[PDB]
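Worksheet for the structure shown next.
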Amino acid sequence: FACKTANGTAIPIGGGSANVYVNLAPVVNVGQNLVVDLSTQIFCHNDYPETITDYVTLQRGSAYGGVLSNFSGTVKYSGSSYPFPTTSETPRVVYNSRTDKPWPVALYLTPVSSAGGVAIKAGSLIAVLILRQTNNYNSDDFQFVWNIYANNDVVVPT
Ligand SMILES: CCCCCCCO[C@H]1O[C@H](CO)[C@@H](O)[C@H](O)[C@@H]1F
């Protein structure tokens, strides 16, 4: 089991960490969602599907900078919605193929009432998402740490 970003940055067998640079809607109104779709950014595969079933969860998701201060979040994992920052590990997503499959993570961020102006700064850390991988074969328990950075400023109109 290993993962890669849309740009080619890979995390090999055993896990580790990588940076994900995301373009964000430049203008988000109060009452609207800022959608951060990581399913188009992070792709994973099973290296031995003939024998092994890989189990994948979002172990935890943390918010930073402008996202923590200015937004109310929800994380959608494989069609199910949960609070973001996270309060529990999600159910497992099965990886049973050698073909790259998107990691089904999407953040839904709505501005808080106090938000106004530059709510997210360009180049800032916005989230850290922990992909946890296990299997039905051995004691392997690996963490694929995804550091999410904003490519641009996000303005919340006043
Ligand atoms: C003849 C025995 C061959 C042993 C195959 C081990 C390959 O391990 C890697 O890929 C696995 C499948 O994706 C992961 O379950 C595992 O945790 C690790 F990432």
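Please note that chains go A, B, ... in the order of the structure tokens, that every chain numbers its residues from 1, and that ligands are numbered from 1 in the order shown.
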
Counting only C-alpha atoms and all ligand atoms, which protein, DNA or RNA residues come within 6 Å of ligand 1, given as a PDB file with C-alpha atoms, in the first residue's frame?
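Wrote it out as out_12.pdb, contents follow:
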ATOM      1  CA  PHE A   1       0.000   0.000   0.000  1.00  0.00           C
ATOM      2  CA  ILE A  13       4.936   1.509   1.861  1.00  0.00           C
ATOM      3  CA  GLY A  14       5.180   2.206   5.616  1.00  0.00           C
ATOM      4  CA  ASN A  46      -3.150  -2.066  -2.791  1.00  0.00           C
ATOM      5  CA  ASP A  47       0.297  -3.577  -3.767  1.00  0.00           C
ATOM      6  CA  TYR A  48      -0.795  -7.217  -3.310  1.00  0.00           C
ATOM      7  CA  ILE A  52      -4.313  -8.821   0.935  1.00  0.00           C
ATOM      8  CA  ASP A  54      -6.110  -3.047   2.818  1.00  0.00           C
ATOM      9  CA  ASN A 135      -4.787  -4.990   6.435  1.00  0.00           C
ATOM     10  CA  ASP A 140       1.004  -3.325   9.697  1.00  0.00           C
TER      11      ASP A 140
END

Mind listing the strand (DSSP E) residues of chain A, per DSSP on the backbone, as a PDB file with N, CA and C atoms, in the first residue's frame?
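After the write, part_12.pdb holds the following:
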ATOM      1  N   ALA A   2       0.537   2.185  -0.900  1.00  0.00           N
ATOM      2  CA  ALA A   2       1.223   3.468  -1.017  1.00  0.00           C
ATOM      3  C   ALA A   2       0.259   4.483  -1.615  1.00  0.00           C
ATOM      4  N   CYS A   3       0.600   5.774  -1.486  1.00  0.00           N
ATOM      5  CA  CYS A   3      -0.234   6.865  -1.959  1.00  0.00           C
ATOM      6  C   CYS A   3       0.580   7.901  -2.695  1.00  0.00           C
ATOM      7  N   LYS A   4      -0.116   8.731  -3.487  1.00  0.00           N
ATOM      8  CA  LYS A   4       0.475   9.839  -4.222  1.00  0.00           C
ATOM      9  C   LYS A   4      -0.490  10.981  -4.421  1.00  0.00           C
ATOM     10  N   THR A   5       0.058  12.190  -4.618  1.00  0.00           N
ATOM     11  CA  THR A   5      -0.734  13.388  -4.911  1.00  0.00           C
ATOM     12  C   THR A   5      -0.888  13.501  -6.430  1.00  0.00           C
ATOM     13  N   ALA A  10       4.817  11.158  -3.808  1.00  0.00           N
ATOM     14  CA  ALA A  10       4.420   9.885  -3.244  1.00  0.00           C
ATOM     15  C   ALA A  10       4.849   9.652  -1.809  1.00  0.00           C
ATOM     16  N   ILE A  11       4.046   8.856  -1.108  1.00  0.00           N
ATOM     17  CA  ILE A  11       4.352   8.363   0.223  1.00  0.00           C
ATOM     18  C   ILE A  11       4.447   6.842   0.040  1.00  0.00           C
ATOM     19  N   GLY A  16       4.386   7.866   5.966  1.00  0.00           N
ATOM     20  CA  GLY A  16       5.195   9.065   6.074  1.00  0.00           C
ATOM     21  C   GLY A  16       4.313  10.270   5.855  1.00  0.00           C
ATOM     22  N   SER A  17       4.880  11.335   5.298  1.00  0.00           N
ATOM     23  CA  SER A  17       4.143  12.574   5.088  1.00  0.00           C
ATOM     24  C   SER A  17       4.448  13.253   3.755  1.00  0.00           C
ATOM     25  N   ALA A  18       3.486  14.076   3.264  1.00  0.00           N
ATOM     26  CA  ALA A  18       3.598  14.866   2.035  1.00  0.00           C
ATOM     27  C   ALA A  18       2.739  16.129   2.157  1.00  0.00           C
ATOM     28  N   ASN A  19       3.091  17.170   1.381  1.00  0.00           N
ATOM     29  CA  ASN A  19       2.338  18.429   1.314  1.00  0.00           C
ATOM     30  C   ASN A  19       1.423  18.417   0.109  1.00  0.00           C
ATOM     31  N   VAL A  20       0.193  18.926   0.309  1.00  0.00           N
ATOM     32  CA  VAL A  20      -0.841  19.027  -0.719  1.00  0.00           C
ATOM     33  C   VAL A  20      -1.205  20.518  -0.846  1.00  0.00           C
ATOM     34  N   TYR A  21      -0.976  21.088  -2.034  1.00  0.00           N
ATOM     35  CA  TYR A  21      -1.240  22.494  -2.301  1.00  0.00           C
ATOM     36  C   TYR A  21      -2.529  22.592  -3.067  1.00  0.00           C
ATOM     37  N   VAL A  22      -3.513  23.257  -2.461  1.00  0.00           N
ATOM     38  CA  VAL A  22      -4.852  23.358  -3.024  1.00  0.00           C
ATOM     39  C   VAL A  22      -5.280  24.768  -3.429  1.00  0.00           C
ATOM     40  N   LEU A  34     -17.071  26.384   1.433  1.00  0.00           N
ATOM     41  CA  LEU A  34     -15.769  26.343   0.784  1.00  0.00           C
ATOM     42  C   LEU A  34     -15.497  24.838   0.719  1.00  0.00           C
ATOM     43  N   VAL A  35     -15.450  24.289  -0.493  1.00  0.00           N
ATOM     44  CA  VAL A  35     -15.232  22.847  -0.648  1.00  0.00           C
ATOM     45  C   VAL A  35     -13.768  22.577  -0.988  1.00  0.00           C
ATOM     46  N   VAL A  36     -13.113  21.731  -0.173  1.00  0.00           N
ATOM     47  CA  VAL A  36     -11.733  21.284  -0.370  1.00  0.00           C
ATOM     48  C   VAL A  36     -11.843  19.758  -0.686  1.00  0.00           C
ATOM     49  N   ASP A  37     -11.914  19.425  -1.971  1.00  0.00           N
ATOM     50  CA  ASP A  37     -12.058  18.052  -2.446  1.00  0.00           C
ATOM     51  C   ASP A  37     -10.693  17.374  -2.600  1.00  0.00           C
ATOM     52  N   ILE A  42      -5.522  13.167  -3.724  1.00  0.00           N
ATOM     53  CA  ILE A  42      -4.845  12.027  -3.088  1.00  0.00           C
ATOM     54  C   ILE A  42      -5.392  10.719  -3.647  1.00  0.00           C
ATOM     55  N   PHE A  43      -4.491   9.856  -4.134  1.00  0.00           N
ATOM     56  CA  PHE A  43      -4.791   8.567  -4.772  1.00  0.00           C
ATOM     57  C   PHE A  43      -3.970   7.444  -4.121  1.00  0.00           C
ATOM     58  N   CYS A  44      -4.603   6.297  -3.808  1.00  0.00           N
ATOM     59  CA  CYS A  44      -3.923   5.158  -3.161  1.00  0.00           C
ATOM     60  C   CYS A  44      -4.213   3.830  -3.878  1.00  0.00           C
ATOM     61  N   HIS A  45      -3.391   2.789  -3.609  1.00  0.00           N
ATOM     62  CA  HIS A  45      -3.577   1.465  -4.201  1.00  0.00           C
ATOM     63  C   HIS A  45      -3.063   0.359  -3.272  1.00  0.00           C
ATOM     64  N   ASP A  54      -6.566  -4.212   2.074  1.00  0.00           N
ATOM     65  CA  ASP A  54      -6.110  -3.047   2.818  1.00  0.00           C
ATOM     66  C   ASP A  54      -7.307  -2.270   3.343  1.00  0.00           C
ATOM     67  N   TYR A  55      -7.215  -1.834   4.596  1.00  0.00           N
ATOM     68  CA  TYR A  55      -8.267  -1.080   5.288  1.00  0.00           C
ATOM     69  C   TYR A  55      -7.773   0.336   5.530  1.00  0.00           C
ATOM     70  N   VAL A  56      -8.543   1.334   5.083  1.00  0.00           N
ATOM     71  CA  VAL A  56      -8.133   2.725   5.147  1.00  0.00           C
ATOM     72  C   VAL A  56      -9.179   3.629   5.805  1.00  0.00           C
ATOM     73  N   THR A  57      -8.734   4.408   6.790  1.00  0.00           N
ATOM     74  CA  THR A  57      -9.627   5.340   7.491  1.00  0.00           C
ATOM     75  C   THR A  57      -9.018   6.724   7.505  1.00  0.00           C
ATOM     76  N   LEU A  58      -9.841   7.726   7.839  1.00  0.00           N
ATOM     77  CA  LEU A  58      -9.349   9.048   8.166  1.00  0.00           C
ATOM     78  C   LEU A  58      -9.266   8.911   9.696  1.00  0.00           C
ATOM     79  N   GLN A  59      -8.038   8.735  10.218  1.00  0.00           N
ATOM     80  CA  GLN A  59      -7.821   8.534  11.636  1.00  0.00           C
ATOM     81  C   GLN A  59      -8.180   9.806  12.371  1.00  0.00           C
ATOM     82  N   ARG A  60      -7.689  10.940  11.863  1.00  0.00           N
ATOM     83  CA  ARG A  60      -7.983  12.260  12.384  1.00  0.00           C
ATOM     84  C   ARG A  60      -7.684  13.361  11.373  1.00  0.00           C
ATOM     85  N   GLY A  61      -8.430  14.442  11.504  1.00  0.00           N
ATOM     86  CA  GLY A  61      -8.299  15.638  10.692  1.00  0.00           C
ATOM     87  C   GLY A  61      -8.300  16.849  11.597  1.00  0.00           C
ATOM     88  N   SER A  62      -7.243  17.669  11.498  1.00  0.00           N
ATOM     89  CA  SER A  62      -7.111  18.882  12.291  1.00  0.00           C
ATOM     90  C   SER A  62      -7.172  20.090  11.371  1.00  0.00           C
ATOM     91  N   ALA A  63      -7.690  21.228  11.878  1.00  0.00           N
ATOM     92  CA  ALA A  63      -7.781  22.505  11.153  1.00  0.00           C
ATOM     93  C   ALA A  63      -6.739  23.458  11.727  1.00  0.00           C
ATOM     94  N   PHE A  71     -13.784  29.307  10.159  1.00  0.00           N
ATOM     95  CA  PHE A  71     -14.747  28.406   9.534  1.00  0.00           C
ATOM     96  C   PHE A  71     -15.288  27.350  10.460  1.00  0.00           C
ATOM     97  N   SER A  72     -16.476  26.835  10.107  1.00  0.00           N
ATOM     98  CA  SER A  72     -17.162  25.728  10.787  1.00  0.00           C
ATOM     99  C   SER A  72     -17.103  24.578   9.780  1.00  0.00           C
ATOM    100  N   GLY A  73     -16.469  23.480  10.157  1.00  0.00           N
ATOM    101  CA  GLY A  73     -16.265  22.399   9.215  1.00  0.00           C
ATOM    102  C   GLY A  73     -16.972  21.085   9.421  1.00  0.00           C
ATOM    103  N   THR A  74     -17.055  20.373   8.315  1.00  0.00           N
ATOM    104  CA  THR A  74     -17.590  19.041   8.181  1.00  0.00           C
ATOM    105  C   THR A  74     -16.649  18.310   7.247  1.00  0.00           C
ATOM    106  N   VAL A  75     -16.354  17.051   7.551  1.00  0.00           N
ATOM    107  CA  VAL A  75     -15.542  16.217   6.675  1.00  0.00           C
ATOM    108  C   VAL A  75     -16.449  15.129   6.123  1.00  0.00           C
ATOM    109  N   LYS A  76     -16.421  14.932   4.809  1.00  0.00           N
ATOM    110  CA  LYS A  76     -17.196  13.877   4.167  1.00  0.00           C
ATOM    111  C   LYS A  76     -16.211  12.770   3.808  1.00  0.00           C
ATOM    112  N   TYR A  77     -16.401  11.577   4.373  1.00  0.00           N
ATOM    113  CA  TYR A  77     -15.523  10.443   4.096  1.00  0.00           C
ATOM    114  C   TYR A  77     -16.338   9.325   3.496  1.00  0.00           C
ATOM    115  N   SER A  80     -20.175   9.721   3.852  1.00  0.00           N
ATOM    116  CA  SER A  80     -20.700  10.016   5.204  1.00  0.00           C
ATOM    117  C   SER A  80     -20.072  11.275   5.780  1.00  0.00           C
ATOM    118  N   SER A  81     -20.861  12.096   6.477  1.00  0.00           N
ATOM    119  CA  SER A  81     -20.409  13.376   7.016  1.00  0.00           C
ATOM    120  C   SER A  81     -20.122  13.325   8.497  1.00  0.00           C
ATOM    121  N   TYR A  82     -19.056  14.012   8.906  1.00  0.00           N
ATOM    122  CA  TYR A  82     -18.605  14.038  10.302  1.00  0.00           C
ATOM    123  C   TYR A  82     -18.088  15.430  10.658  1.00  0.00           C
ATOM    124  N   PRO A  83     -18.029  15.811  11.954  1.00  0.00           N
ATOM    125  CA  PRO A  83     -17.458  17.128  12.290  1.00  0.00           C
ATOM    126  C   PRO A  83     -15.976  17.170  11.916  1.00  0.00           C
ATOM    127  N   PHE A  84     -15.492  18.345  11.551  1.00  0.00           N
ATOM    128  CA  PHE A  84     -14.103  18.611  11.225  1.00  0.00           C
ATOM    129  C   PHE A  84     -13.765  19.931  11.914  1.00  0.00           C
ATOM    130  N   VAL A  93     -12.408   2.177   4.647  1.00  0.00           N
ATOM    131  CA  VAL A  93     -12.599   2.111   3.202  1.00  0.00           C
ATOM    132  C   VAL A  93     -11.636   1.010   2.732  1.00  0.00           C
ATOM    133  N   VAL A  94     -12.164   0.052   1.973  1.00  0.00           N
ATOM    134  CA  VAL A  94     -11.412  -1.084   1.440  1.00  0.00           C
ATOM    135  C   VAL A  94     -10.671  -0.712   0.152  1.00  0.00           C
ATOM    136  N   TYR A  95      -9.378  -1.058   0.093  1.00  0.00           N
ATOM    137  CA  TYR A  95      -8.502  -0.941  -1.067  1.00  0.00           C
ATOM    138  C   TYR A  95      -8.164  -2.378  -1.446  1.00  0.00           C
ATOM    139  N   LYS A 101      -6.901   4.515  -6.664  1.00  0.00           N
ATOM    140  CA  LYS A 101      -8.253   4.864  -6.295  1.00  0.00           C
ATOM    141  C   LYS A 101      -8.148   6.138  -5.438  1.00  0.00           C
ATOM    142  N   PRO A 102      -8.997   7.159  -5.690  1.00  0.00           N
ATOM    143  CA  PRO A 102      -8.945   8.377  -4.855  1.00  0.00           C
ATOM    144  C   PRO A 102      -9.217   8.099  -3.380  1.00  0.00           C
ATOM    145  N   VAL A 105     -11.985  11.865   0.551  1.00  0.00           N
ATOM    146  CA  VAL A 105     -12.013  12.921   1.566  1.00  0.00           C
ATOM    147  C   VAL A 105     -12.341  14.254   0.902  1.00  0.00           C
ATOM    148  N   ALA A 106     -13.317  14.969   1.468  1.00  0.00           N
ATOM    149  CA  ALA A 106     -13.742  16.315   1.071  1.00  0.00           C
ATOM    150  C   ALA A 106     -14.069  17.104   2.342  1.00  0.00           C
ATOM    151  N   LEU A 107     -13.511  18.303   2.461  1.00  0.00           N
ATOM    152  CA  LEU A 107     -13.800  19.222   3.568  1.00  0.00           C
ATOM    153  C   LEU A 107     -14.879  20.200   3.113  1.00  0.00           C
ATOM    154  N   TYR A 108     -15.872  20.469   3.970  1.00  0.00           N
ATOM    155  CA  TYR A 108     -16.946  21.445   3.705  1.00  0.00           C
ATOM    156  C   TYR A 108     -16.839  22.472   4.802  1.00  0.00           C
ATOM    157  N   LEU A 109     -16.378  23.672   4.437  1.00  0.00           N
ATOM    158  CA  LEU A 109     -16.077  24.744   5.376  1.00  0.00           C
ATOM    159  C   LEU A 109     -16.956  25.954   5.141  1.00  0.00           C
ATOM    160  N   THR A 110     -17.747  26.322   6.153  1.00  0.00           N
ATOM    161  CA  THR A 110     -18.634  27.482   6.038  1.00  0.00           C
ATOM    162  C   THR A 110     -18.148  28.591   6.974  1.00  0.00           C
ATOM    163  N   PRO A 111     -18.087  29.872   6.533  1.00  0.00           N
ATOM    164  CA  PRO A 111     -17.593  30.917   7.445  1.00  0.00           C
ATOM    165  C   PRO A 111     -18.432  31.070   8.715  1.00  0.00           C
ATOM    166  N   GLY A 117     -13.239  39.505   5.627  1.00  0.00           N
ATOM    167  CA  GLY A 117     -11.935  39.862   5.088  1.00  0.00           C
ATOM    168  C   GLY A 117     -11.141  38.646   4.662  1.00  0.00           C
ATOM    169  N   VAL A 118      -9.796  38.731   4.746  1.00  0.00           N
ATOM    170  CA  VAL A 118      -8.904  37.627   4.380  1.00  0.00           C
ATOM    171  C   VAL A 118      -9.033  36.549   5.470  1.00  0.00           C
ATOM    172  N   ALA A 119      -9.855  35.534   5.182  1.00  0.00           N
ATOM    173  CA  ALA A 119     -10.178  34.465   6.112  1.00  0.00           C
ATOM    174  C   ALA A 119      -9.172  33.326   6.085  1.00  0.00           C
ATOM    175  N   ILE A 120      -8.492  33.137   4.939  1.00  0.00           N
ATOM    176  CA  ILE A 120      -7.433  32.142   4.733  1.00  0.00           C
ATOM    177  C   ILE A 120      -6.310  32.868   3.985  1.00  0.00           C
ATOM    178  N   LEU A 125      -0.893  26.794   6.208  1.00  0.00           N
ATOM    179  CA  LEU A 125      -1.341  25.442   6.535  1.00  0.00           C
ATOM    180  C   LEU A 125      -2.824  25.574   6.910  1.00  0.00           C
ATOM    181  N   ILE A 126      -3.695  24.768   6.296  1.00  0.00           N
ATOM    182  CA  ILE A 126      -5.144  24.838   6.570  1.00  0.00           C
ATOM    183  C   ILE A 126      -5.656  23.558   7.261  1.00  0.00           C
ATOM    184  N   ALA A 127      -4.981  22.424   7.029  1.00  0.00           N
ATOM    185  CA  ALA A 127      -5.399  21.145   7.594  1.00  0.00           C
ATOM    186  C   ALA A 127      -4.298  20.117   7.566  1.00  0.00           C
ATOM    187  N   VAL A 128      -4.386  19.177   8.499  1.00  0.00           N
ATOM    188  CA  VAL A 128      -3.525  18.000   8.573  1.00  0.00           C
ATOM    189  C   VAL A 128      -4.508  16.829   8.676  1.00  0.00           C
ATOM    190  N   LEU A 129      -4.474  15.931   7.677  1.00  0.00           N
ATOM    191  CA  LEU A 129      -5.341  14.757   7.601  1.00  0.00           C
ATOM    192  C   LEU A 129      -4.479  13.509   7.725  1.00  0.00           C
ATOM    193  N   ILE A 130      -4.859  12.611   8.647  1.00  0.00           N
ATOM    194  CA  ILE A 130      -4.119  11.377   8.899  1.00  0.00           C
ATOM    195  C   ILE A 130      -4.868  10.208   8.320  1.00  0.00           C
ATOM    196  N   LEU A 131      -4.254   9.596   7.289  1.00  0.00           N
ATOM    197  CA  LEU A 131      -4.744   8.391   6.638  1.00  0.00           C
ATOM    198  C   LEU A 131      -4.096   7.247   7.413  1.00  0.00           C
ATOM    199  N   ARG A 132      -4.911   6.343   7.959  1.00  0.00           N
ATOM    200  CA  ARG A 132      -4.405   5.167   8.674  1.00  0.00           C
ATOM    201  C   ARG A 132      -4.694   3.922   7.845  1.00  0.00           C
ATOM    202  N   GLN A 133      -3.649   3.122   7.568  1.00  0.00           N
ATOM    203  CA  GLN A 133      -3.765   1.911   6.777  1.00  0.00           C
ATOM    204  C   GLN A 133      -3.390   0.672   7.549  1.00  0.00           C
ATOM    205  N   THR A 134      -4.290  -0.303   7.524  1.00  0.00           N
ATOM    206  CA  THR A 134      -4.098  -1.619   8.114  1.00  0.00           C
ATOM    207  C   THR A 134      -4.495  -2.624   7.041  1.00  0.00           C
ATOM    208  N   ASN A 135      -4.443  -3.926   7.361  1.00  0.00           N
ATOM    209  CA  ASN A 135      -4.787  -4.990   6.435  1.00  0.00           C
ATOM    210  C   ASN A 135      -5.338  -6.227   7.190  1.00  0.00           C
ATOM    211  N   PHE A 142       0.049   1.753   9.497  1.00  0.00           N
ATOM    212  CA  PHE A 142       0.797   2.898   8.986  1.00  0.00           C
ATOM    213  C   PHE A 142       0.010   4.187   8.883  1.00  0.00           C
ATOM    214  N   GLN A 143       0.716   5.323   9.071  1.00  0.00           N
ATOM    215  CA  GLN A 143       0.131   6.657   8.962  1.00  0.00           C
ATOM    216  C   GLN A 143       0.710   7.403   7.775  1.00  0.00           C
ATOM    217  N   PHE A 144      -0.184   7.901   6.925  1.00  0.00           N
ATOM    218  CA  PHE A 144       0.111   8.711   5.743  1.00  0.00           C
ATOM    219  C   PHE A 144      -0.439  10.091   6.133  1.00  0.00           C
ATOM    220  N   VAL A 145       0.476  11.005   6.488  1.00  0.00           N
ATOM    221  CA  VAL A 145       0.143  12.342   6.991  1.00  0.00           C
ATOM    222  C   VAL A 145       0.100  13.332   5.826  1.00  0.00           C
ATOM    223  N   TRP A 146      -1.065  13.963   5.601  1.00  0.00           N
ATOM    224  CA  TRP A 146      -1.234  14.925   4.513  1.00  0.00           C
ATOM    225  C   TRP A 146      -1.379  16.340   5.059  1.00  0.00           C
ATOM    226  N   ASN A 147      -0.360  17.168   4.818  1.00  0.00           N
ATOM    227  CA  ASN A 147      -0.322  18.572   5.218  1.00  0.00           C
ATOM    228  C   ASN A 147      -0.920  19.386   4.075  1.00  0.00           C
ATOM    229  N   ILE A 148      -2.097  19.997   4.324  1.00  0.00           N
ATOM    230  CA  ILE A 148      -2.847  20.747   3.323  1.00  0.00           C
ATOM    231  C   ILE A 148      -2.542  22.243   3.440  1.00  0.00           C
ATOM    232  N   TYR A 149      -2.072  22.829   2.333  1.00  0.00           N
ATOM    233  CA  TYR A 149      -1.732  24.240   2.265  1.00  0.00           C
ATOM    234  C   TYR A 149      -2.599  24.960   1.244  1.00  0.00           C
ATOM    235  N   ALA A 150      -2.977  26.211   1.549  1.00  0.00           N
ATOM    236  CA  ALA A 150      -3.771  27.053   0.649  1.00  0.00           C
ATOM    237  C   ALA A 150      -2.851  27.639  -0.411  1.00  0.00           C
ATOM    238  N   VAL A 154      -8.399  33.528   0.666  1.00  0.00           N
ATOM    239  CA  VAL A 154      -9.840  33.329   0.614  1.00  0.00           C
ATOM    240  C   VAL A 154     -10.440  34.538   1.321  1.00  0.00           C
ATOM    241  N   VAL A 155     -11.268  35.297   0.610  1.00  0.00           N
ATOM    242  CA  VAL A 155     -11.936  36.480   1.140  1.00  0.00           C
ATOM    243  C   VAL A 155     -13.387  36.147   1.481  1.00  0.00           C
ATOM    244  N   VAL A 156     -13.806  36.510   2.707  1.00  0.00           N
ATOM    245  CA  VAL A 156     -15.186  36.393   3.162  1.00  0.00           C
ATOM    246  C   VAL A 156     -15.765  37.838   3.118  1.00  0.00           C
TER     247      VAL A 156
END

Who sits within 10 Å of residue 153 (chain A), only C-alpha atoms, same chain under 4 positions skipped, as a PDB file with N, CA and C atoms, in the first residue's frame:
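What follows is the written file result.pdb:
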ATOM      1  N   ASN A  23      -5.941  24.862  -4.592  1.00  0.00           N
ATOM      2  CA  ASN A  23      -6.546  26.106  -5.040  1.00  0.00           C
ATOM      3  C   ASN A  23      -7.886  26.152  -4.341  1.00  0.00           C
ATOM      4  N   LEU A  24      -8.276  27.333  -3.881  1.00  0.00           N
ATOM      5  CA  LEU A  24      -9.521  27.499  -3.148  1.00  0.00           C
ATOM      6  C   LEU A  24     -10.341  28.603  -3.769  1.00  0.00           C
ATOM      7  N   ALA A  25     -11.691  28.495  -3.697  1.00  0.00           N
ATOM      8  CA  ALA A  25     -12.603  29.545  -4.191  1.00  0.00           C
ATOM      9  C   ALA A  25     -12.141  30.871  -3.551  1.00  0.00           C
ATOM     10  N   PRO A  26     -11.858  31.929  -4.349  1.00  0.00           N
ATOM     11  CA  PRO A  26     -11.293  33.158  -3.757  1.00  0.00           C
ATOM     12  C   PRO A  26     -12.253  33.973  -2.901  1.00  0.00           C
ATOM     13  N   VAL A  27     -13.560  33.812  -3.145  1.00  0.00           N
ATOM     14  CA  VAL A  27     -14.615  34.517  -2.441  1.00  0.00           C
ATOM     15  C   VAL A  27     -15.638  33.513  -1.912  1.00  0.00           C
ATOM     16  N   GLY A  66      -6.398  30.057   9.400  1.00  0.00           N
ATOM     17  CA  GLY A  66      -7.670  30.663   9.030  1.00  0.00           C
ATOM     18  C   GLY A  66      -8.859  29.731   9.045  1.00  0.00           C
ATOM     19  N   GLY A 117     -13.239  39.505   5.627  1.00  0.00           N
ATOM     20  CA  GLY A 117     -11.935  39.862   5.088  1.00  0.00           C
ATOM     21  C   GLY A 117     -11.141  38.646   4.662  1.00  0.00           C
ATOM     22  N   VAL A 118      -9.796  38.731   4.746  1.00  0.00           N
ATOM     23  CA  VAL A 118      -8.904  37.627   4.380  1.00  0.00           C
ATOM     24  C   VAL A 118      -9.033  36.549   5.470  1.00  0.00           C
ATOM     25  N   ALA A 119      -9.855  35.534   5.182  1.00  0.00           N
ATOM     26  CA  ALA A 119     -10.178  34.465   6.112  1.00  0.00           C
ATOM     27  C   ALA A 119      -9.172  33.326   6.085  1.00  0.00           C
ATOM     28  N   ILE A 120      -8.492  33.137   4.939  1.00  0.00           N
ATOM     29  CA  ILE A 120      -7.433  32.142   4.733  1.00  0.00           C
ATOM     30  C   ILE A 120      -6.310  32.868   3.985  1.00  0.00           C
ATOM     31  N   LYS A 121      -5.075  32.805   4.488  1.00  0.00           N
ATOM     32  CA  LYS A 121      -3.927  33.448   3.842  1.00  0.00           C
ATOM     33  C   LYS A 121      -3.253  32.487   2.843  1.00  0.00           C
ATOM     34  N   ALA A 122      -2.808  33.021   1.674  1.00  0.00           N
ATOM     35  CA  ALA A 122      -2.082  32.248   0.652  1.00  0.00           C
ATOM     36  C   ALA A 122      -0.809  31.660   1.268  1.00  0.00           C
ATOM     37  N   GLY A 123      -0.552  30.386   0.996  1.00  0.00           N
ATOM     38  CA  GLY A 123       0.613  29.676   1.512  1.00  0.00           C
ATOM     39  C   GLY A 123       0.491  29.123   2.922  1.00  0.00           C
ATOM     40  N   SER A 124      -0.622  29.398   3.632  1.00  0.00           N
ATOM     41  CA  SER A 124      -0.789  28.911   5.006  1.00  0.00           C
ATOM     42  C   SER A 124      -1.251  27.471   5.082  1.00  0.00           C
TER      43      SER A 124
END

Q: Would you list, as JSON, numbers by chain, the residues of chain A that end up in alpha helix (DSSP H) under DSSP run on this structure's backbone?
A: {"A": [65, 66, 67, 68, 69, 70]}

Would you export the selected residues with N, CA and C atoms as a PDB file, in the first residue's frame, please?
ATOM      1  N   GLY A  65      -4.719  27.650  11.260  1.00  0.00           N
ATOM      2  CA  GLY A  65      -4.765  29.031  10.815  1.00  0.00           C
ATOM      3  C   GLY A  65      -6.156  29.564  10.610  1.00  0.00           C
ATOM      4  N   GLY A  66      -6.398  30.057   9.400  1.00  0.00           N
ATOM      5  CA  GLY A  66      -7.670  30.663   9.030  1.00  0.00           C
ATOM      6  C   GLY A  66      -8.859  29.731   9.045  1.00  0.00           C
ATOM      7  N   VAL A  67      -8.633  28.453   8.741  1.00  0.00           N
ATOM      8  CA  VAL A  67      -9.696  27.439   8.746  1.00  0.00           C
ATOM      9  C   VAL A  67     -10.206  27.191  10.198  1.00  0.00           C
ATOM     10  N   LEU A  68      -9.291  27.103  11.175  1.00  0.00           N
ATOM     11  CA  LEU A  68      -9.632  26.920  12.592  1.00  0.00           C
ATOM     12  C   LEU A  68     -10.338  28.171  13.162  1.00  0.00           C
ATOM     13  N   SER A  69      -9.766  29.364  12.906  1.00  0.00           N
ATOM     14  CA  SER A  69     -10.289  30.650  13.370  1.00  0.00           C
ATOM     15  C   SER A  69     -11.586  31.111  12.699  1.00  0.00           C
ATOM     16  N   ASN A  70     -11.710  30.940  11.358  1.00  0.00           N
ATOM     17  CA  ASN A  70     -12.833  31.521  10.600  1.00  0.00           C
ATOM     18  C   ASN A  70     -13.908  30.623  10.019  1.00  0.00           C
TER      19      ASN A  70
END

Q: May I ask for the distance between CA of residue 41 (chain A) and CA of residue 100 (chain A), given in Å to one decimal place?
A: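 Going from CA of residue 41 (chain A) over to CA of residue 100 (chain A), I get 11.7 Å.
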
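Interatomic distance, CA of residue 97 (chain A) against CA of residue 137 (chain A): 15.3 Å.
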